[PDB]
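The structure appears right after this line, and notes come after that.
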Amino acid sequence: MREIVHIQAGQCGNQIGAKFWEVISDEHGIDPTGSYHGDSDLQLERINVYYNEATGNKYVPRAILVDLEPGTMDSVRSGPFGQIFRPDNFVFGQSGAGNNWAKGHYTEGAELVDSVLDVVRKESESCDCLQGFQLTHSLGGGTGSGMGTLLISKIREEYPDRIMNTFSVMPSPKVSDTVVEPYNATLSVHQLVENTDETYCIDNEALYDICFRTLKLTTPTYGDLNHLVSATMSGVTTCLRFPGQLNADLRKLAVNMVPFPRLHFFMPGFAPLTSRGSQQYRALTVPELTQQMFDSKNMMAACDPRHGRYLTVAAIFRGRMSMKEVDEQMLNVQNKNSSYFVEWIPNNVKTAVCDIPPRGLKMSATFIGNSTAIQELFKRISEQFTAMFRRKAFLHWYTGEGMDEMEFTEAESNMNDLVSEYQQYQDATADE
Amino acid sequence: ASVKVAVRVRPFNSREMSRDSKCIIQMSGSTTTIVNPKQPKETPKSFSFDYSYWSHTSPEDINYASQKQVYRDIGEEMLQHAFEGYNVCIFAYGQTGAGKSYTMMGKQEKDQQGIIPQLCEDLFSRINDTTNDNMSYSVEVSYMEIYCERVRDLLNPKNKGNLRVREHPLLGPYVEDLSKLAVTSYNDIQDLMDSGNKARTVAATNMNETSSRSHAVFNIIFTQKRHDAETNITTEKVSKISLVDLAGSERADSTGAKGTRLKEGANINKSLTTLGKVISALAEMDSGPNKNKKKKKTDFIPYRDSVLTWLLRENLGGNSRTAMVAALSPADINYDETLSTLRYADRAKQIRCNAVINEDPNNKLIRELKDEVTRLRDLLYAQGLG
Amino acid sequence: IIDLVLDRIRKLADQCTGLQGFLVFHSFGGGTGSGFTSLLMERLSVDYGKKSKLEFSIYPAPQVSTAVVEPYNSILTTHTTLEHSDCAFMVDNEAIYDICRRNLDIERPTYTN
Amino acid sequence: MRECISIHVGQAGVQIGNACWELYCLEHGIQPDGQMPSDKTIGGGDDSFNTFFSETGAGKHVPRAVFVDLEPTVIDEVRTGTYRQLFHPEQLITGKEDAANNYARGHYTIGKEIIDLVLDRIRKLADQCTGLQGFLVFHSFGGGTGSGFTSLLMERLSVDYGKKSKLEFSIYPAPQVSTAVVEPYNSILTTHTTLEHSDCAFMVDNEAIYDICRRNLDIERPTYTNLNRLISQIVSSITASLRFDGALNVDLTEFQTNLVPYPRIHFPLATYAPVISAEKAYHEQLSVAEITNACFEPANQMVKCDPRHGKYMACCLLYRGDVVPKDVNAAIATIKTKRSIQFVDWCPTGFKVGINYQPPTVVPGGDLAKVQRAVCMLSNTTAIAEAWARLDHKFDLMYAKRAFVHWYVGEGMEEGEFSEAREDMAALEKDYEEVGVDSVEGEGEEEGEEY
Ligand SMILES: CC(=O)O[C@H]1C(=O)[C@@]2(C)[C@H]([C@H](OC(=O)c3ccccc3)[C@]3(O)C[C@H](OC(=O)[C@H](O)[C@@H](NC(=O)c4ccccc4)c4ccccc4)C(C)=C1C3(C)C)[C@]1(OC(C)=O)CO[C@@H]1C[C@@H]2O
Ligand SMILES: Nc1nc2c(ncn2[C@@H]2O[C@H](COP(=O)(O)OP(=O)(O)OP(=O)(O)O)[C@@H](O)[C@H]2O)c(=O)[nH]1
Ligand SMILES: Nc1ncnc2c1ncn2[C@@H]1O[C@H](COP(=O)(O)OP(=O)(O)NP(=O)(O)O)[C@@H](O)[C@H]1O
Ligand SMILES: Nc1nc2c(ncn2[C@@H]2O[C@H](COP(=O)(O)OP(=O)(O)O)[C@@H](O)[C@H]2O)c(=O)[nH]1
Ligand SMILES: [Mg+2]
Ligand SMILES: [Mg+2]
């Protein structure tokens, strides 16, 4: 029985995880107190993917909460679903990292990593057949990035055969909230490229653009961003929980999407999104979902796919629909946009179909792309990195905690090598 | 300088003698012929290499190559290159249970010793013989293994931890916290070699009773100094001698692996597959820019896909002179595998390195400017303007 | 899992009198339908040998497909489908979709048809 | 428990402390006698926030404050005032004369025999604290006590605690206005301690605050009470991130991680945007864009220096009240397109943002209008060099003739502590000039290999 251990780090990861546990909990029908009050018989069939079973017919999510500032933990406990989590999994300390990756990875997090790994081992030992992990955190921050990278390294050291997923929120061109985001982002990306099987890219700029242009909201908050992201996470792993005409495990996505080991940075997307005003106009059907999934403005990474090529894509549909229509639409998308797909991967579109849609919708779809345009994002960070590293803008904070220029240099070189490895396949006309 | 290529064929073992023992490998001059056992009507496909070696029969003289023969032909040449001040490497290749341990290490108790002992003994003899009042020599040793994408040190005492691979900005990849031991005599480095060979991870399989389970890299750092109180520069030359023994590719059906022995093999195959790509990639690039026009626009070599290719970034290409020793199996049943090695060997000679090797760039600039001054002064003197 | 499957097949064969053959249903492209089919056919050929073994397999379509690594899985089954199977029948999803669209006037067929 | 210990030195320090503690008592609903009837009315809570107040058994709340001065007058005004029962009776007041606008008198002669008691009480406060974040030291340049005793106390604290942050709020001498003839000497002699020991020093000017009061609040005849209330609002905006919940919380370490590129350039300016009278509170929207733009106006600066003559090195915005991230993002985006605001080329991000839900409070008898939104900006720039240079000139004009020097040497110093300080000022100005220069053109001179 496949099931997932869940880890949350930092403020962004903690909040996204809280919202995610509210969404999954609806689909499966779980009371905030922990009891089950569903209506369908298929909600409890595979509930063990996320939830352990307690004595009194309760269900406890298999989540791990990590931070160095206690305050966020309180915000989780004093909330709509604060009592659902078991208190033993609230692992935290004091004197947070303060947006310093060195404190998160080397000085402060090195003490709390033992306790976090203890709780992770305790959860993973009880697993019937542990599939893999998934971590939510922010690369541009402090405790989140550092402790996420450290935990990822330790877990890959101890569990080499299991899947290691990751949902990362990285910096943006215009949206910036810390002065030292490039250093943290560069070091985090250097750590992630080695020790991770899948990494979904999320950008606040793309989510705000979706909210303003697609959903037409006027005053979006972080709740809406968490809503979209949690919808994506629930969309990714639908097939482990519910039956379908053609299933798609996590390993199937990993195999079909990753041509070479270092190219595992994905662009996610979700459909439909209708703004609550145009819901009565559009007809809902497979062609509409196909059109919305591949639209450039619907992506969550703020990287235009038209500036590169799609190495691979995966489409996970939820709902009762015909397979012939899905296959025809995917073939049409391949054929019409002939110049945005690579010429040495015939039929580079993975397809999955699940028969149980979300509770309020007749149809839905999730899109996981893998394209060269992601290089742009890395290039941007690299540019900013140089602009601070050449003069050593803030390096004394990092070197005071037990680092040196050599780690910065090797991280920058690794990032540049990854950026070069994407471009290779980016240009057309492989001959000269 | 192009990569040097040696190939060698071994005699029959017990597995070959029990099954069909039909030979397919023939050798003549520099030419190695392989014949398809399934298609005798087909062409006898053949490859021309820099060196080929026939170790099937010892009494006869049909180009028979003892250990000393291959050692003179490759290792002595590459050691002479090292004395001139060039970083140098010899690495083995082929399939499981062919010739790597015999060729590089050999049987210590027997006279048929591998390349590494004979290179080390000749190096020690040459440094001891050529010692002078002004000349002086120093040598240092290290020996590492790659087990499952993890580096371990053999010469050091028991260290359960795994070392960390790092990147110096100028000198490229290296292994941090690697026990680099100073040595002074042939007996001491021989003891280090024996301890290192003992410390390696070896397991038994159907294909070979002593199938290696981990890649191995043996590094010797050599320093050549010339002392003068007036003009000469001390530490005139520094060289790195790298002997690499790679675990060969395996097939699960014939190997009979299960459990851990299977998983190890999988990693080994991964560490080989990437390596093959790198070789192929490298070849095409150093074939293309050299022959096509000279464009040098951009070519990516997947060095980082494995730790083995990462550590040997300067060895497979760049700042070193490299030799590749391929091990063959004469068994007919092995044909579909054996030919594969030859193909990569046939591409191995296409690779071309770029080695110059200097030291103390301040002294480099000073020497360049002083030589320019001397040349201009000589020109002025010859033409009557000095 | 192969040992348990062969044990159940042995029990069924022992129940059977004058067994004629095996009808094996699988699909190329999928990992299980390829690899486990190869294992099962090898072991069945070793054990029973003289009994007929018929395949009904879903070959990948020329244009539409549901995975990126279909050709590798399909090609690696050549040894199994050539040496061990006695007669293999191949069907294509595109052809049956066209049959449904043209003959049965079903515009949106699913796998049930 | 995000505990912070406040230290007040000198008359300016004590009066700013009075304003600050009035605001703190009003913020958490603490009465002047230390009781909190809010918990009794409600039933219980965490309203006794451990940042500033320590709760005893009987429901009383004692502030984490340390008042110090050499004159009995300034703190005897507090011992018999409205807040006499709030503070602990121990107030560390030397019943003797004062430093008398003399750095030497406050550092060497009379600063002794009072430093030991002060350090003892600071230790007693620190022992009660768990997870102490740092110190907040209030003083004033140009005064004898606030210069000399502050120097001594900072030196001893750096020796003892070391790794704890030590923020500084100080009143710099104005360019024209002054209240003493020997202000430059005392101001210059404190550079060694304000540089080597402090982690971040915030400077304010009385002329700038008087201009702000006259122009914005329409107060033609302000006194020091208004200035102290404005400074109290600034400090509360800084410290609110670790007392109340918010969308993005900024601790005192994120401050130093984001604002100071190098150890020797930790002198950021500060400013408060929605400084407006009650009558003018109407006729205005007071949106995020308006306050964020007003933070960058040179007229609103709290130090007499023009940011247009320098370059912005780092910025930290701290918002309070009904604010949302997207308005802040839009404000930053429209700010980055203005050519009058120049950032150093080596800090392309240039902004740190924090948001807190608690809106600012209104002190009865005050003059600031009640508002829904507010923002405090702290900006590390290079224009601050000008603020030093003028003062440096003044120092020379008095040291060429050795005027007023015999008072200083008669208390323990020699003339060399009077030059060393000047050389340190010169080196600091050279550093500020050097950091703001644009990177040299294609800083690898030029490049381009074959292909
Ligand atoms: C159809 C109808 O009458 O109401 C819809 C609706 O109007 C629309 C606009 C909904 C609505 O979504 C939003 O307004 C929204 C706002 C900010 C961020 C994200 C969404 C809806 O709120 C969202 C809500 O979604 C669900 O109920 C899904 O099951 C969703 N779960 C949750 O939203 C949820 C939130 C908190 C607690 C429990 C469940 C989900 C989505 C993917 C995977 C799993 C679950 C639905 C159907 C609707 C409303 C209520 C208007 C849409 O969202 C989703 C995810 O369905 C917007 O794009 C779709 C299109 C729908 O037509
Ligand atoms: N903003 C503000 N500044 C003040 C206040 N009180 C004094 N100052 C400043 O302090 C300077 C005088 O130095 P003081 O700090 O008073 O010196 P002291 O603390 O009394 O120490 P002694 O000189 O020994 O008496 C003046 O130039 C004022 O600008 C105040 O209440 N508010
Ligand atoms: N040319 C040769 N002459 C004599 N004995 C040989 C020769 N080549 C190999 N052998 C012996 O045959 C066996 C197999 O060789 P060996 O060198 O152990 O394989 P290998 O190179 O170590 N394969 P592996 O270690 O798994 O990468 C050993 O016992 C060798 O001593
Ligand atoms: N999507 C989303 N992003 C957030 C949220 N909170 C913070 N962030 C992002 O995270 C970054 C700050 O990282 P932070 O959470 O402070 O890292 P930490 O200090 O290690 O916990 C900012 O650039 C924000 O864009 C949130 O609720 N949702
Ligand atoms: Mg071997
Ligand atoms: Mg006084």
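Bear in mind that the values in this text are calculations on the coordinates, not laboratory data. Virtual Cβ from ideal backbone geometry, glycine too; neighbours counted across all protein chains shown.
Here chain D is treated with +1 on each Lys and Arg Cβ and -1 on each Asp and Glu Cβ, and its dipole about the Cα centre works out to around 1540 debye.
Counting every C-alpha pair in chain D, the share spaced more than 33 angstrom apart comes to 36%. Available extension along the chain between C:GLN63 and C:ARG8 is 15.9 nm, counting 0.36 nm per residue and deducting the alpha carbon span. Centre-to-centre, using Cα atoms only, the stretch B:1-77 and the stretch B:331-365 are separated by 19 Å. For the stretch A:260-373, the calculated P(r), taken from all Cα-Cα distances in 10 Å bins from zero up to the bin holding the longest distance, is 13, 46, 32, 8, 1 percent. Counting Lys +1, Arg +1, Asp -1, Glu -1, what net charge surrounds A:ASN14 among other residues with beta carbon under 15 Å of its beta carbon? Around A:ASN14, the surrounding residues sum to -3. Taking Cα centre as origin and charging only the Cβ of basic (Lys, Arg, +1) and acidic (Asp, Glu, -1) residues, the dipole magnitude of the protein assembly as shown rounds to 3340 debye. Axis of helix B:361-382 versus longest Cα principal axis of chain B: the two differ by about 60°, to the nearest ten degrees.
Specify whether the C-alpha gyration tensor of the stretch D:1-268 places it in the rounded, prolate or oblate class, a ≥ b ≥ c being the square roots of the eigenvalues: rounded for a/c under 1.5, otherwise prolate if a/b is larger than b/c and oblate if not.
Taking the square roots of the gyration eigenvalues as a ≥ b ≥ c, the stretch D:1-268 is rounded.
Near A:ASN337: Cβ cut-off under 12 Å, other residues only, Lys/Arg at +1 and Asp/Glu at -1. The net charge is +2. Descending by average beta-carbon neighbour count within 10 Å, the peptides B:31-41, B:276-286 line up as B:276-286, B:31-41, the highest first. Residues of the stretch B:340-363 with an amide N closer than 15 Å to a point placed 7 Å from the Cα of B:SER287 along the Cα-to-Cβ direction: B:342-352. Okay, helix-only estimate at 222 nm for chain D: each DSSP H run of n ≥ 4 adds -39500 (n - 2.57), divide by all residues, round to 500 deg cm²/dmol; what do you get? One gets -11500 deg cm²/dmol as the mean residue ellipticity at 222 nm. D:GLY134 sits among other residues whose Cβ lies under 13 Å from its own Cβ, and their net charge, with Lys and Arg +1 and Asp and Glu -1, is 0. Helix C:31-47 versus the longest principal axis of chain C: what is the Cα-based angle in degrees, 0 to 90, to the nearest 10? The answer is roughly 30 degrees.
One chain, two ends: A:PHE212 and A:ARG276. Fully extended at 0.36 nm per residue, the span grows by 21.7 nm beyond their Cα-Cα distance.
For q = 0.13, 0.16 Å⁻¹, what log10 I(q)/I(0) does the stretch A:2-259 give under the Debye formula with an equal point scatterer on each alpha carbon and no solvent? For the stretch A:2-259, the Cα-only Debye profile gives -0.84, -1.32. Are any of the pairs B:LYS263/C:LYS50; A:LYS392/D:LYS338; B:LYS295/B:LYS349; A:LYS350/B:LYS277; B:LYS198/B:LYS263 more than 29 Å apart by Cα-Cα distance, and if so, which? From the list (B:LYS263/C:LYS50; A:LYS392/D:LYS338; B:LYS295/B:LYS349; A:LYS350/B:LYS277; B:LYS198/B:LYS263), the Cα-Cα distance tops 29 Å for B:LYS263/C:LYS50.
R0 = 60 Å: FRET efficiency of D:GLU415 with B:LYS270, Cβ-based, nearest 0.05? Given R0 = 60 Å and the Cβ-Cβ separation, E is 0.20.
On the basis of the beta-carbon distance and an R0 of 60 Å, B:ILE366 and D:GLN342 show a calculated FRET efficiency of 0.85. Take the Cα of B:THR223, step 7 Å toward its Cβ, do the same at B:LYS258, and the gap between the two points is 5.4 nm.
Contour minus end-to-end for D:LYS401 and D:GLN128, with contour as 0.36 nm per residue of separation and end-to-end as the Cα-Cα distance?
93.1 nm
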